[PDB]
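Numbered by PDB author numbering, the letters in the first sequence go through residues 201 to 632, 708 to 765 in order.
Don't be surprised by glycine CBs; every beta carbon is placed ideally from N, CA and C.
Down below is the structure, laid out as structure tokens.
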Amino acid sequence: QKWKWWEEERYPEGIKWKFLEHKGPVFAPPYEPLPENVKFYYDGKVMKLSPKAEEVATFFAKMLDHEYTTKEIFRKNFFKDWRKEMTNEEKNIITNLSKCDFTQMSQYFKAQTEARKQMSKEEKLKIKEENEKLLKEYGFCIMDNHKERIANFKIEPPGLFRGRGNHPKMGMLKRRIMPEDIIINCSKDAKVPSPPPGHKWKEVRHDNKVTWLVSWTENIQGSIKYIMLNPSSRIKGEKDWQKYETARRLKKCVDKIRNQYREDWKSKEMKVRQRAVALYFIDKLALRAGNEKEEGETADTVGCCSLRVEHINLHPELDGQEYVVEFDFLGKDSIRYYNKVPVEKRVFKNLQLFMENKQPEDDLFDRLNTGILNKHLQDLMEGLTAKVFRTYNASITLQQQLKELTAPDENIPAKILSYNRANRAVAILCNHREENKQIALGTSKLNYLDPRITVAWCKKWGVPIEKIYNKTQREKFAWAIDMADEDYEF
DNA sequence: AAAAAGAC
DNA sequence: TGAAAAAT
DNA sequence: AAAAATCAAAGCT
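Put into structure tokens, the structure is as follows:
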């Protein structure tokens, strides 16, 4: 695009844009039923069904091999939801799926698959370019003065909700979204997308006070979904860009913050103590915010504020160190955070205190929620919040690595390796193909450390950026690049 | 103050 | 981000 | 020639 949105004036806050024009979504391609050859079964009794139930069944059919289907709770979710998706008659006869047979059905898809994985170059070629056609008329809205790419115009297809970890809602059917379920976000003056024949939109408005050009509420969690622009997009960028500016600022105004909490460790007001600790933890252990979740529709996962007592154990001496806090619990997406970390005596003793008289199920930091934690932070700094920190130490600890593990004389190839070695040290705290076959890729890089840093480093040493950042990822940082000099210090 | 709706 | 598909 | 190795769920009245 060669667009330099940053080189352009600052938006008057709240206001996201002046102009916006998009062609609406791309509704999921409708269900084409199974041909007579391919059929169902149930007690051997090969019997056809309602198209609705059919498609629904297919879902299950396409995951029998998958452990989800082997998951009990998941199954209940299926069975029940399915019933609803079919006729009384059927509903009557299939009193038991634990007698059904999707095997045949599985086969077809796998077949159709291998078939597709056998389709002619020319045959497919048509579709390839054909599919490309779609984008041009469906993948680029029109905002303010430029044509940017959208995240995804293709609406989330109906299906079977896959829930990470022991999600109590895993196995429930998603659903096929209709125009009647859609909300268009335009700009009264722009050419509003005309809803598909017969149908009407749910609602259409122009709140330029938001990002997304289109959205709807998912049924499962009854949560909202939205179609928003691309990362390379200004809108999606400036936030992220100024996102680092934030951490960039606590950076100074932090040592102070620390004193405060360490000092706060000796407070009289409980909550004040409870708070300080949490920060400390997050500070060091880089723990996440810890929002309170609805004990049911949620998949029980804790966080710094949302920590329960059972999640920790304290050892006054252990592994040679004193006042050790043993952390075990599953965070986001139920990813167990196990750790043995030595803390300040006061914390230890305070912790020891926070536990006093409580049940395992009792929240560790009772008299404390995320909201509070941030309210405090806010008064200490504008826009200060738990997130900021992870973002902080991340891009900062790194800032030193490429200062340390980097050799002046060193060759690029070497330098490169020298670089990667820096990032290792980074994820060394987040707890996040030979020596690595368990650690994730970008993740941190993906959105945790100020790229400006990587940039000025390439400059300060003459490293062809392309080496570390590909086009697509360089596209996202298409500014940090342009706007940066080896003399950059986050 | 508080549950709900939202937005990124 | 994570799971998953896709590009000797 | 072939085989093998490199999208969407979850969380600031």
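Inclusion of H515 and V502 in the CB contact set at 8 Å is not warranted, their separation being larger than that value.
Straight across, the Cα-Cα distance linking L450 with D483 is about 12 Å. For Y444, the three-state secondary structure derived from DSSP is helix.
Residue pairing by DSSP leaves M372 without any beta bridge partner. Within a 10 Å sphere around the beta-carbon of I327 sit fewer than 16 other beta-carbons, which makes this residue exposed. If you ignore the 5 residues before and after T446, its C-beta comes within less than 7 Å of the C-beta of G583 and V588, all in its own chain and listed in chain order. The criterion of a C-beta distance shorter than 8 Å is satisfied by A625 and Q601. For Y426, DSSP records a beta bridge to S415.
Boundaries of the alpha helix (DSSP H) around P613: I612 to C630. Cβ contact annotation for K280 (same chain, cutoff 7 Å, sequence separation greater than five): none. Taking C-beta separations shorter than 6 Å and ignoring five residues to either side along the sequence, the partners of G490 in its chain run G503, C504, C505, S506 and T570, following chain order. According to the DSSP assignment, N292 belongs to no beta strand (DSSP E) but to the alpha helix (DSSP H) extending over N288 to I293.
According to DSSP, residue pairing for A390 in a beta bridge involves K388. In this structure, the beta-carbon distance from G224 to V414 falls below 8 Å. DSSP places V256 within a helical segment (H, G or I) once states are collapsed to three. Contact annotation: the stretch 470-484 touches the stretch 557-576, with at least three C-beta pairs closer than 8 Å. With contacts defined as CB atoms closer than 8 Å, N288 and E348 fail to qualify as a contacting pair.
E750 and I756 have their C-alpha atoms some 9 Å from each other. If you ignore the 5 residues before and after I342, its C-beta comes within less than 8 Å of the C-beta of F219, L220, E221, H222 and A390, all in its own chain and listed in chain order.
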